[PDB]
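# Geometric and topological summary
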Amino acid sequence: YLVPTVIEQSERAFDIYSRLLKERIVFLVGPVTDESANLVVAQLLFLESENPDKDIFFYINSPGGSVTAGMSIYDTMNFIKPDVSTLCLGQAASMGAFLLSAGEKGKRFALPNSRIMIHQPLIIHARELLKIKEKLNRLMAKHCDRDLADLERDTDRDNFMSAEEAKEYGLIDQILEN
Amino acid sequence: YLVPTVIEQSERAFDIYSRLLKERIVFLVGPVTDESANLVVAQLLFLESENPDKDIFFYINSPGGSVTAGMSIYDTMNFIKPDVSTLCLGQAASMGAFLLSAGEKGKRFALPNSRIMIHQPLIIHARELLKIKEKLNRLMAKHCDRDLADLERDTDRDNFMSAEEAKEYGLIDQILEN
Amino acid sequence: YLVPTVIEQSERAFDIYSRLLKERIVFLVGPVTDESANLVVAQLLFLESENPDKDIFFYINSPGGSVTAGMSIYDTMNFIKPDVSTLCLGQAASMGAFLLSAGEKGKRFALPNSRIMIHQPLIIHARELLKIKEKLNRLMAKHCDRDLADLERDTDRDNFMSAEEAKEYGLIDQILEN
Amino acid sequence: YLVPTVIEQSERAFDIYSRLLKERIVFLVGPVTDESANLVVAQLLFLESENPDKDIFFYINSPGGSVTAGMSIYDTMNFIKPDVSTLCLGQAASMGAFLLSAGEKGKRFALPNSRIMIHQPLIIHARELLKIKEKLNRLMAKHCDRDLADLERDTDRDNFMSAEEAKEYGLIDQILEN
Amino acid sequence: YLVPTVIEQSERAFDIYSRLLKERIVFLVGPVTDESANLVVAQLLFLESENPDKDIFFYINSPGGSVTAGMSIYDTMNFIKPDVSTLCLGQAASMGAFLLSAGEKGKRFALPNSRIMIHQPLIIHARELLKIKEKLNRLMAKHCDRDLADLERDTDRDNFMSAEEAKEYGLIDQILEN
Amino acid sequence: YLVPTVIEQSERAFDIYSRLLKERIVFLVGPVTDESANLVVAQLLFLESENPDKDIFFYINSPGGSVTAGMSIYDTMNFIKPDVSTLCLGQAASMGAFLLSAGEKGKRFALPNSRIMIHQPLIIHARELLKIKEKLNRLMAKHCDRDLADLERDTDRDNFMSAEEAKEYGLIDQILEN
Amino acid sequence: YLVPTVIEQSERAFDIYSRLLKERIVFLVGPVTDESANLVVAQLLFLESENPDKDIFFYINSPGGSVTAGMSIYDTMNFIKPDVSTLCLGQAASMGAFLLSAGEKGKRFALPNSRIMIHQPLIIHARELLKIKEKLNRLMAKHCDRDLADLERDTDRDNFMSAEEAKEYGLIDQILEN
Amino acid sequence: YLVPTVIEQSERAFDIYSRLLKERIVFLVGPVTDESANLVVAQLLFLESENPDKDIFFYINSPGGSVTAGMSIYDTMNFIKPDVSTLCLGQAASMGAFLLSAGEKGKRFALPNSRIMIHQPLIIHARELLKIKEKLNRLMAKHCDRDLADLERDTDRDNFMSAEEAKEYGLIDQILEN
Amino acid sequence: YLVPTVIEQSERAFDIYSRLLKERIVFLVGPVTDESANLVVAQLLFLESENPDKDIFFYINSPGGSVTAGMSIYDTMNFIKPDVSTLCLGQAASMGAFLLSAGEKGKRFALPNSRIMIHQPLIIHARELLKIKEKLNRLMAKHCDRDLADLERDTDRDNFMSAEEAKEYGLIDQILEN
Amino acid sequence: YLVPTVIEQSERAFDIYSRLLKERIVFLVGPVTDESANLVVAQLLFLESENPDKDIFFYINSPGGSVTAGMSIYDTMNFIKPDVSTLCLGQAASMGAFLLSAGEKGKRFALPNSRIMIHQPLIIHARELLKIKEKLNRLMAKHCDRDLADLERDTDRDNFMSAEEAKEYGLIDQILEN
Amino acid sequence: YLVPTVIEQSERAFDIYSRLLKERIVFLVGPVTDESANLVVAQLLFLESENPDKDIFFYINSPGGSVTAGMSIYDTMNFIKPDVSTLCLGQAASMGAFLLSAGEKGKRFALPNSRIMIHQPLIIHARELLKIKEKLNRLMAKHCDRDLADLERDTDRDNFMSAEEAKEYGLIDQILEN
């Protein structure tokens, strides 16, 4: 795709994504891969360095992806000093929902027509996948202020939640209309 | 394709799309994908930032695409402060028609020889697709000042509407000859 | 993937990876190949030249790769004067775990949700692979302050270790939460 | 792969390989092909031109490749005035080992965990390959201060030598730990 | 392949091939194709224009290629005023050997370990290929100061000549060791 | 695969499947396709013709398949006079479970380690698939002596039932150990 | 697929399809192609020859196919003396529905869970397809005792009819449960 | 492959596999698939019918395969009246080892150089695979007169057992040299 | 390939391979696979059954193959009562040489221009392949009346032996000219 | 290809190749492969068995093939008692020429417009191919009553001989016009 | 393609080609390949054997093919005692025209709308193809009672001759209308 160039007044020419990175917006679009995860991490590290006291807005539009790739993003967000806010656009599923729910508590947002899926399909052998299964359900339960039993019950099913359902579940704090 | 470069007098060299983005024109061409949807969103966010009080012209030439990708565009247009006007060029179908009808009421336009299709083929399981089916028919009914029953009847069929038929249906407000 | 551009204040425009290389961060992402290994080496040599007394931070997110490619990285890290610190993000497996464990003793780190695998699948004939097998187990035993017998026992199995298990094993020195 | 950009203080921006070429380091990575061989030659000719009295460091990480391509490198190294030092990183095999052994006598180096293979698989008809077979064994014998009989015996087998074995064989002069 | 950038002192940044073109070196690497032949021609025309009295060094490393493509190079070399010297690196075969032998008489060189093949496989119908066969054998005989009968005999066989054999044959004038 | 030949004493040579068809056993193995469904139908029609008063044993080992293909089998079983008994071997899922449950009431069997899935993924437009969805849930409810509400609830989930669970659900009448 | 062999008592061994052809059953399964249409025709001609006064049962399970191929079947059925009865199993769509409706009036049957689609997608230029469109709608109107206007209205939509709806439409005469 | 034909004296010509089926030998060769499993089942059912009091010899040479396919074989062997003896030739792994261990107790054999692997890789979601995991470990523990804990420990690792180790484990009863 | 049919006088028509199986000749041609190994086993079992006191001639023309597949042949030959003679035609390598050497001692033959290779490339993890490596070297040493040390030395190299060299090595007993 | 069936009067139906095998004609057509070589061997063994005192006519039309495959044919022809005559049809090259020349001395024939090539391209390593090269040149020299030096000279070139040239060379004894 | 079966009254069932072979008609259809040429030869040899005094009718419908394959047919036709008549159906080109013209003089026929092309495209090196070129032109000149100069002129062009032109040229003797 052709990525548009915009001009910042200060003049500096940036592609549209770099222009938004300047505003501390990091995008995760499409499946989480080692490469896309590392770009998210590189951007998060960069933004902390430029100003440790300013929020980072992590926009998620993603069907899922690699667990380890997603976990590198997760730990980076928890590790770096500035709060990382999250926003769900279109969808957040599997690791995408995980990363959404993992944003700074009180700053996790969704747009009204988004769909959030907490199902973790986990696809290594047979007991290595379970260590992951349990680890993710525990972290989700923590993020959601829910019992481990509730996440064990719900991350089992590929059902989507509306932004309101996700808010009540505890994955997001607010729904943004304007 | 080779994308031409034009010179803005102020001089600044831009590709033709970036030059038109400078005039607040955002293009959606071809199928709506996560990547193309995110480029539309990135452009819409950018334009709001540069001047929240100036209209954005969203030009649509698209056969359809992913629902969630289209919904990220939809919510962005509804979310950002400046009115987002829409124009149908060639065609708008499925999600393209949705996004066309979703433009700011009173500023939804079509060119005379365009063809607009409101059919929503929806192609997840079997009851997750219906949540979408109903959600889109309700939003279309809202956009069109039509009963839900009318959209349930018409989004069922892959028939195309002329710009005049779309105007009477309520998808567009005006047809532009000059 | 589109790699974002950021601006260094001094102005200089860099892609995000080059911007982090400026901060002495070298990334190894994905499988270790001759090309990716040589890029790591080129970066390590460069950084030593710019300032031999400053630490290099080598970030690893890798499932494994070629042994000889990994060994060129290993010898470069041991060869160049400045300490090379390591960090595991997401995962380090096979040669990735080797390179992680190979970082400067006292400066080998992991993030809390990473997974470290010391299994060396070794995939030449039949006795050329064993020279490698033994060489890697001896180096691992050295890195870990473990008996050769312990590495012979554990590099045999494709089990993953948590950051805490890796710390107790002796692959890493510290786990970083913040 | 994305090749990082670094800044030379003098400022000049270079990719990492060009930055190291400035320091007279030429890399041969991966199989020797007509294109990669010609890049090595072009770099060697360039470096001689800039300063005929300064050593060139030729870093080799290569499984082998075309004989004629390798011979163009070989003759260029012997032809150009400045000594061309060599270093084995990871591995040097077949033509790679040939080029390693072919470096300036007294300046042929290897890293400790590298593996050097002098086997020449030679893969033209049946007697054209032998002219090559004999020519390479004679040149190897010359480089190594070994009898033709010894190279005829050893270039026959696909066994790898450790850096110490290669040093005793006569392929390299020194092993570099620091 | 990544082509290195070097800096000319005058500063001007050039890729390594352009930097050598500045020194009047033209490279023909790999098979002769319409595109690669035209690049050689474009470079030869350019160099004549910049300075008609300075020699051009045409470096050949090529297994062969299209006859008509090779003939465009041949006529350009004969046509342009400055002497075009030739050098064989690695190999020159079929059209490559033709172009090597076609260099300015007294300035045709080879490196010591190169291999030169004058066999012309000629692969149109059946009598169109013979017009070419005869034309090339006559031109070779001219270049070599040999009888047509000798070229008819030797261009028949796919045997390689050493630089010394090529010198005695009459394809090259000198062999360059230093 | 090679299909074995066996001899019937009466002698007549049959492939193993034809030999079992002679004993009134019809196999459905693998996905239900138009071709495999028609073979089942052809066999069922044949067997009724040979003896309308003898039971037909329909052995099912199938992950699912086309609905219309499965329905041709279903109607044939209901249509032909002799009772069609069913047996689940390995698995019966989607249409396979449907056909299993559809066997003559009182003669629906499963083997102890089989797994039965009543989930109907239904993969036409959007309201044509629902006519099918409802039709299949109603027929399942009939077969199982369950409310439509129970099948609407359970055919929604891709969970497998053990033979005992299927027996309690009402899909099978008996479990056969010997 | 393996086609079973059955034995006719008279003994004669037949594959299951040939055994049913002996009972005057002709199957059309899957898309109508020139080859499958010609097999249907060959069977119909054969059966008329063996006994011109006995009905032929043409079983249809088909999504559609070539118009000309379907028309050869249609004319053969109308041409040959014995009545050709039809039965819909699973489905009959496009040309399949045409051929179903085309059976002898009073002997057109469907099984209860079949789905019949009269939509004729017609996929030549632009006016050659219309000659077909009109011809098929006229023949359907004839078969159904419906106005041309009704078929013009309904063959326009890809909706499926239940056996009862098809009976009321006039495509079939009876629905067979037993 | 061409399958040889042999003549039975009684004369009857059989392919070699059918000739051995006559001697009650059933072969499972290669991966267990729905088709190969059903052929094994068809053969087992046939053999029981011909003589319920004669042993069946099931020869296994298989790396593994589908669980449900393997379970249909397992239940058939347990279900049919005559003892089913088993023999491991070459190897039995995963489901192959399961089926080997599942033979009639006291009649489970292996050849001396065979290799038996009880590892069950299980490759559905995440808790459907565990129902299988537990079910197979329980059945293995039963077959082997071992604790569930021992199978949970050993079916975890992809290690091979010699025939003697398998005998001591309890997978086989005897090793056959002659 | 078309396999010729020949007539046995007794008349019985056989393909040429079946005709030779009647003479107790079993062929192993090409790579040893599970399927080809099982055909060899099936033939060996058959021949023992027809006459346990008559020799079987196993003709080998094979580059190698699967170890486990080869071992099933090996154990069958050792297991069945009649001596199994072997003959090398063209070549026997890897497992082919193993099976050749494994024939009945005193009846292992080769044709004069055959080439026998005892190299065992063994291509599982890293210590599972060694169990095989050692097992095969021990069996070879047994077959050859050689020390384990000699086979460890020679099965290491991909050199071919002439029939005379194989005879002296101890792989074969006799060379057959007539 | 469809292979015709002919009737032998004695009646017995044979395919045309089997009918000619009955007349002791063995065909080698196309490249020599392990499979085609083994069919030739199987036929030669068969024919010797039926009548050891009758000549076998081996018809060759072949561009070449595997050496070991060809050698199995060669040794079989030399091994079996009846003279094996040879005939070249169309061509005999490489191994085909070898096998032609290898026929019984005094009974080696060619048709007048055939082309015979003794070039042995030999396409293993580098000294394993030479053992073959020398072995084949020695056998050819034997067959032709020529010096080893003459075959070393001529098997070097891919030139074709007419039947008369082959006769004078010593590859064939006679040329057959009628 | 399905090849029809016909019944010979004597009854004997033959495929249609075998039935015509019985009438001494040999067909060459499509390109001449080693396999199709050998089938023609096998048929010609067979027919001579059955009755050396009866004509063979060789029907040609072929665009061309391999020269050596065609020459094996040519020599067989000239070699075998009975006259081989030829007939051109549809076309005869290149080797097909050669074989047509090569039929027994006075018995070479063509059908009226056939097209005969004597162009010999000859598609080896460059002088091996000419030996063929000359040989074929000489044989054509012989067949046609034309000068070598005339065939050298006309076999040069890819023009087609009508049956009348071919008759006047001398390729055929008669044109058959009835």
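- Method of structure determination, per the deposited record: cryo-EM was used for this entry, reaching 3.2 Å resolution.

## Topic: the relation of the copies chain D and chain E
- For the pair chain D and chain E, the best superposition has an RMSD of 0.0 Å and corresponds to a rotation of 51 degrees with a translation of 0.0 Å parallel to the axis.
- Mapped onto chain E, only 6% of the interface residues of chain D are again interface residues, and the two copies thus contact each other with different surfaces.

## A short note on the environment of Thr 76 of chain K
- Tracing the backbone shows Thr 76 of chain K in helix α3 (residues 67-79).
- The spatial distance from the C-alpha of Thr 76 of chain K to the C-alpha of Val 41 of chain K is 6.3 Å, given a sequence separation of 35 residues.
- Residues contacting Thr 76 of chain K, with those up to four places away along its chain left out, are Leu 89 of chain J together with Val 41, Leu 44 and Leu 45 of chain K.
- At a separation of 2.7 Å, a polar atom in the side chain of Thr 76 of chain K contacts the main-chain carbonyl oxygen of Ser 72 of chain K.

## Some remarks on the pattern of salt bridges
- Here the structure, examined in full by the defined rule, presents 170 salt bridges over all chains.
- Note that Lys 107 of chain C and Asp 55 of chain C form a salt bridge whose closest N and O atoms lie 2.8 Å from each other. Of this pair, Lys 107 of chain C sits in the loop between α4 (95-101) and β6 (108-110) while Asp 55 of chain C sits in the loop between α2 (34-50) and β4 (56-62), and the two are 52 residues apart along the sequence.
- Among the salt bridges present, the one from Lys 107 of chain E reaches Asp 83 of chain E, with a minimum N-O distance of 2.9 Å. Taken together, the positions of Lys 107 of chain E in the loop between α4 (95-101) and β6 (108-110) and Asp 83 of chain E in the loop between α3 (67-79) and β5 (84-93) put the pair 24 residues apart, joining distant regions of the chain.

## Overview of the pairing of strand β3 (residues 25-29) of chain F
- When you tally the buried positions in β3 of chain F, you get four out of five residues, the bulk of the element.
- Read from β3 of chain F through helix α2 (residues 34-50) of chain F to strand β4 (residues 56-62) of chain F, the crossover connection turns out right-handed.

## A short note on the interface of chain D and chain E
- Contacts between chain D and chain E engage 32 residues on the former and 32 residues on the latter.
- Between chain D and chain E, the buried area comes to about 2900 Å², and carbon and sulfur atoms account for 61% of it.
- Together, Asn 38, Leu 39 and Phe 79 of chain D form the three largest contributors to the area buried by chain D at its contact with chain E, with a combined 20%.
- Summed over the shared surface of chain D and chain E, the number is two salt bridges.
- In this structure, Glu 11 of chain E and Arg 12 of chain D form a salt bridge, with 3.1 Å as the shortest nitrogen-oxygen distance.
- Joining chain D to chain E, the criterion identifies nine residue pairs in polar contact.
- Mapped by element, the contributors of at least two residues to the side of chain D that touches chain E are β2 (12-15), α1 (16-21), α2 (34-50), α3 (67-79) and α5 (128-144) of chain D.
- With 11 residues, the top contributor of residues to the side of chain D that touches chain E is α2 of chain D.
- When its residues are assigned to classes, the side of chain D that touches chain E shows 13 nonpolar, 10 polar and nine charged.

## A look at the interface of chain B and chain A
- Contact residues are listed per partner, giving 32 residues for chain B and 32 residues for chain A.
- Carbon and sulfur atoms supply 61% of the area buried between chain B and chain A, which totals about 2900 Å² over both sides.
- Counting across the chain B and chain A interface gives two salt bridges.
- Where chain B meets chain A, there are nine residue pairs in polar contact.
- Elements represented by at least two residues in the side of chain B that touches chain A include exactly β2 (12-15), α1 (16-21), α2 (34-50), α3 (67-79) and α5 (128-144) of chain B.
- The leading source of residues in the side of chain B that touches chain A is α2 of chain B, at 11 residues.

## Remarks on the packing of aromatic side chains
- Applying the stated criterion across every chain, the model contains 33 aromatic pairs over all chains.
- Ring geometry for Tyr 17 of chain C against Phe 27 of chain C: centres 5.6 Å apart, planes inclined by 85 degrees, an arrangement best described as edge-to-face. Of this pair, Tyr 17 of chain C sits in helix α1 (residues 16-21) while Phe 27 of chain C sits in strand β3 (residues 25-29), and the two are 10 residues apart along the sequence.
- Here a set of aromatic residues connected by ring pairs shows up, and it is made of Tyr 17, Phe 27 and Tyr 59 of chain A.

## A short note on α2 of chain D
- In this model, α2 of chain D (17 residues) spans 24 Å end to end at C-alpha, consistent with the 24 Å of a helix rising 1.5 Å per residue.
- Within α2 of chain D, 14 of the 17 residues are buried, leaving the element largely enclosed by the surrounding structure.

## A few points about the relation of the copies chain B and chain A
- With an RMSD of 0.0 Å, chain B superimposes on chain A once it is rotated by 51 degrees and translated 0.0 Å along the axis.
- Comparing contact sets, just 6% of the residues at the interface of chain B also lie at the interface in chain A, consistent with a heterologous contact between different surfaces.

## Description of the side chain of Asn 137 of chain I
- Assignment of secondary structure puts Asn 137 of chain I in helix α5 (residues 128-144).
- With residues near it in sequence (within four places) discarded, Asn 137 of chain I still touches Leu 148, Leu 151, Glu 152 and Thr 155 of chain I.

## Quick word on the pairing of strand β5 (residues 84-93) of chain I
All names here are of chain I.
- Most of β5 is tucked away, with 10 of its 10 residues classed as buried.
- Pairing between strand β4 (residues 56-62) and β5: six bridges, direction parallel. Across the sheet, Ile 56 pairs through a bridge with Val 84, a residue of β5.
- Relative to strand β6 (residues 108-110), β5 is paired through three bridges, and the arrangement is parallel. Considered in β6, the bridge of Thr 86 is made with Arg 108.
- Handedness of the crossover joining β5 and β6 through helix α4 (residues 95-101) is recorded here as right-handed.
- Note: β5 against strand β7 (residues 115-117), three bridges, orientation parallel.

## With respect to a nonpolar patch on the surface
- Taken together, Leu 2 of chain A together with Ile 16 and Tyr 17 of chain B make up a surface patch of nonpolar side chains, about 240 Å² in accessible area.
- When its relative accessible area of 38% is taken as the criterion, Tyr 17 of chain B is described as partly exposed.

## A short note on the arrangement of the chains
- Contact between chain B and chain D is absent, and the least distance between their C-alpha atoms amounts to 21 Å.
- Spatially, chain F and chain I are disjoint, and the shortest separation between their C-alpha atoms is 11 Å.

## So, the packing of α3 of chain D against α5 of chain D
Residue and element names in this part refer to chain D.
- Axis separation between α3 and α5 bottoms out at 13 Å; the angle between their running directions is 35 degrees. Crossing handedness for the pair α3 and α5: left-handed. Residue-level contacts link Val 67, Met 71 and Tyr 74 of α3 to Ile 132, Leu 136, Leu 139 and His 143 of α5.
- In the contact of α3 with α5, the residues fall into six nonpolar, one polar and no charged.

Conventions used here
Note on numbering: every chain is counted from 1 along its sequence as written, possibly out of step with the entry's scheme, and residues lacking coordinates are dropped from view. Working convention: letters from A go to chains and numbers from 1 go to ligands, in the order in which they are written. What you see is a piece of a larger assembly; the numbers all apply to this piece alone. Each side-chain value is worked out from all heavy atoms of the structure, with water and hydrogens disregarded. Between copies, superposition follows a least-squares criterion applied to the C-alpha atoms. Residue contacts follow a heavy-atom distance rule, with two residues in contact if any of their heavy atoms lie within 4.5 Å. Each helix is a run of H or I in the DSSP string that is no shorter than four residues. Each strand is a run of E no shorter than two, and both are numbered from the N terminus. Polar contact is defined as a pair of N or O atoms within 3.5 Å, subject to the rule that within protein one atom must be able to donate a hydrogen and the other to accept it, and that residues adjacent in sequence are counted only when both atoms are side-chain atoms. What counts as a salt bridge is simple: a side-chain nitrogen of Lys or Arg found within 4 Å of a carboxyl oxygen of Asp or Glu. The buried label goes to any residue with under 20% of its type's maximum accessible area, the exposed label to any with over 50%, and the partly exposed label to all in between, with areas taken from a 1.4 Å probe on protein chains only. Look down the strands so they point away from you; if the path from the first strand over the helix to the second goes clockwise, the crossover is right-handed. A simple way to read buried area is as the amount of 1.4 Å-probe accessible surface that goes missing from two parts once joined, with both sides added. Charged means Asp, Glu, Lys or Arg here, nonpolar means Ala, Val, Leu, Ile, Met, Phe, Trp, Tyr, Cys or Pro, and polar covers whatever is left, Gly included. When two rings of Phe, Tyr or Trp (its six-membered ring) have centres within 6.5 Å they constitute a pair, described as stacked for plane angles under 30 degrees, edge-to-face for angles over 60, and tilted for the intermediate range. Each helix should span, by expectation, one fewer than its residue count multiplied by 1.5 Å. Strands are labelled as partners when DSSP assigns at least two bridges between them. Here, patches come from residues exposed beyond 30% relative accessible area and free of salt bridges, joined within 9 Å for like charges and within 5 Å for nonpolar side chains (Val, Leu, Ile, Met, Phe, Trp, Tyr). Methods summary: accessible areas were calculated by the Shrake-Rupley approach with a probe of 1.4 Å, and residue burial reflects only the protein chains presented. Note on definitions: angles span 0 to 180 degrees between N-to-C directions of axes, and those axes are lines fitted to C-alpha atoms, for helices only across the stretch in contact. Left-handed is the label given to a crossing in which the near helix is rotated counterclockwise from the far helix by less than a right angle, and right-handed is the label when the rotation is clockwise.

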